[PDB]
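J.: Using only what follows, build the 3D model:
(2 chains)
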Amino acid sequence: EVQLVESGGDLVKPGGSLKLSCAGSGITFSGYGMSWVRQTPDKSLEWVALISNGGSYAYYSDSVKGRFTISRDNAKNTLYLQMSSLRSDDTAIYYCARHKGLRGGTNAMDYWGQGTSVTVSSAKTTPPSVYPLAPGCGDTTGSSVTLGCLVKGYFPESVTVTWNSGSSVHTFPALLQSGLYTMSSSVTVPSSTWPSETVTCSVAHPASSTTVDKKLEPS
Amino acid sequence: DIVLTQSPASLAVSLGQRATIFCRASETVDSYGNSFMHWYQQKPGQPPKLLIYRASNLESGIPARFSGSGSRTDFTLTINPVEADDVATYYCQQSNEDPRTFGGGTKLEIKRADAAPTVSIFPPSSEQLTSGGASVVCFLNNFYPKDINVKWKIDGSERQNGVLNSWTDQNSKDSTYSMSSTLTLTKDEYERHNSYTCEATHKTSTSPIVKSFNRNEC
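T.: Numbers count the residues shown, from 1 in each chain, chains lettered A, B, ... in the order given. And now the structure:
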């Protein structure tokens, strides 16, 4: 989450291959079993593979058996997951986790990464268009005011909207629309503070290496 | 392969009350003088978090509101008292045998007092229009329960097509839901009309909550 850091997630053609990495920062893998687990856009949380401390034992879910290979390097403090014969439903956020190290049997997964996103599809990476949502010029102003950003036509998932850097935010989950995602984000703020004060949504789409600002101006 | 069956799949619990979640294993998960059933919490947009290891041990920093019990093939996670921030999916996992398959998960919803939605309507931005498109967006905010209906009108006439709706995950602070309804038009059709209407119908009342704008003045 801070301790473990996944990387390598990417868009990949069906039938293709990909290799994820997981690095410890501030903790050692030496001595511990480890697992990869994934969350798909929605089946339920899925365990997919584990490997022993020394590496001579590993086990896989049926779902990935034969396609995926778990491996590790305790010297470099790194865990890996080689993926091959990738299919549509391998699309997921992949987490690595270190098992607790108690004696007397097996252990739960106590340290988890933030995850890395993998998409398996023949569609192409596309950055978002970002449109401001501001009240119409005829709106009867109230005590507070709700503003938003419409983030349209991007691929793959996901994006992160950040309002004025660092609450009153709502994040509407993205919906797939003719091969492309759309989502939106709102923020509500007192009428006394906007438009007198600057409001800005910053939208990051890591996959396309893109950040789009929008300064909310009054209609 | 040990199969884990969680029950219930869904439950709604009021603040201050007890949530009881069961996980049943197809074969015993006990050996070595211990019981290898583990419980995790997953909130939207976060990695899973360990709550309870080896049936009954609280992970450090997890509050004692969470409690694990059971043995052999029958286990229970009890959250008592439930707090707003407990909205999550809860998973069991056993490690007595590989594969360490999770249960299907139990989604915990916070029950709270019925609430009517706040409606905001937004015309397409100049920028979108200049680019050939037009999306009209309505937010229906902070309502409970989740079920809600929206209808759109263009100059008083109901519009079916072009509508997509997306609900938020229950808010971890006020236990409400929100949802966006977006009407997608071509610029040329948008520009041929005056008044746009978003009508929310929520079980909290017979009368819709209506918001509108007109293109014809300012």
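J.: hey, let's count contacts and neighbours off CA atoms from now on
T.: Noted.
J.: residues from chain A in reach of chain B?
T.: A:1, A:44-47, A:59-61, A:95, A:104-110, A:112-115, A:131-139, A:146, A:170-175, A:184 (CA under 8 Å from any CA of the partner chain).
J.: May I see the PyMOL selection of the buried members of these?
T.: Typed into PyMOL, the line below selects the buried ones among the residues of chain A next to chain B, using 16 or more other CA atoms under 10 Å in any protein chain shown:
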select buried, chain A and resi 1+44+45+46+47+59+60+61+95+105+106+107+108+109+110+112+113+114+115+131+132+133+134+135+136+139+146+170+171+172+173+174+175+184
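J.: Mind checking which residue lies nearest the centre of the chain?
T.: Went with chain A since none was named. For chain A, the residue nearest the mean C-alpha position is residue A:117 (5.1 Å; CA atoms, centre = their mean).
J.: um, chain B though
T.: With distances taken as CA atoms, centre = their mean, residue B:169 lies nearest the centre of chain B, 3.1 Å away.
J.: dump the residue contacts of that residue.
T.: Contact analysis of residue B:169 by CA atoms under 8 Å, 6 or more residues apart in numbering or on different chains lists B:44, B:177-178.
J.: do residue B:172 as well
T.: Counting by CA under 8 Å, 6+ apart, residue B:172 touches B:84-87.
J.: List buried residues within these.
T.: With neighbours counted using 16+ other CA under 10 Å, the contacts of residue B:172 contain these buried positions: B:84, B:86-87.
J.: Next step: the residues of chain A next to chain B restricted to strands.
T.: A:46-47, A:59-60, A:95, A:109-110, A:112, A:131-133, A:146, A:170-175, A:184 (DSSP state E).
J.: what does the domain assignment say about chain B?
T.: B:1-112, B:113-218 (curated CATH domains).
J.: Same list (those) but as CSV, adding distance to residue A:150.
T.: Below are the domains of chain B laid out as CSV (distance: least, CA to CA, whole Å):
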stretch, distance to residue A:150
domain B:1-112, 19
domain B:113-218, 9
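J.: Tell me which of the ones you listed sits most buried.
T.: Comparing those by mean neighbour count (mean count of other CA atoms under 10 Å in any protein chain shown), domain B:1-112 comes out on top with a mean of 19.
J.: which among the contacts of residue B:172 gets closest to chain A?
T.: residue B:85 (14.5 Å; CA to the nearest CA).
J.: Now do the same contact list for that closest one.
T.: B:172-173.
J.: my guess is residue B:150 meets residue B:197, correct?
T.: No. Counting by CA atoms under 8 Å, residue B:150 does not reach residue B:197; the two are 10.2 Å apart.
J.: Among the contacts of residue B:172, which lie within strands?
T.: Short answer: those have none in strands (DSSP E).
J.: Of those, which belong to helices?
T.: Judged by DSSP state H, helices contain none of the contacts of residue B:172.
J.: Tabulate those (a markdown table), appending distance to residue A:180.
T.: Shown next, in a markdown table, are the contacts of residue B:172 (distance: CA to CA, whole Å):
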| residue | distance to residue A:180 |
| --- | --- |
| B:84 | 34 |
| B:85 | 32 |
| B:86 | 33 |
| B:87 | 29 |
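J.: Go ahead and report the secondary structure state at residue A:102.
T.: Here residue A:102 is recorded as coil under DSSP: H, G, I helix; E, B strand; the rest coil.
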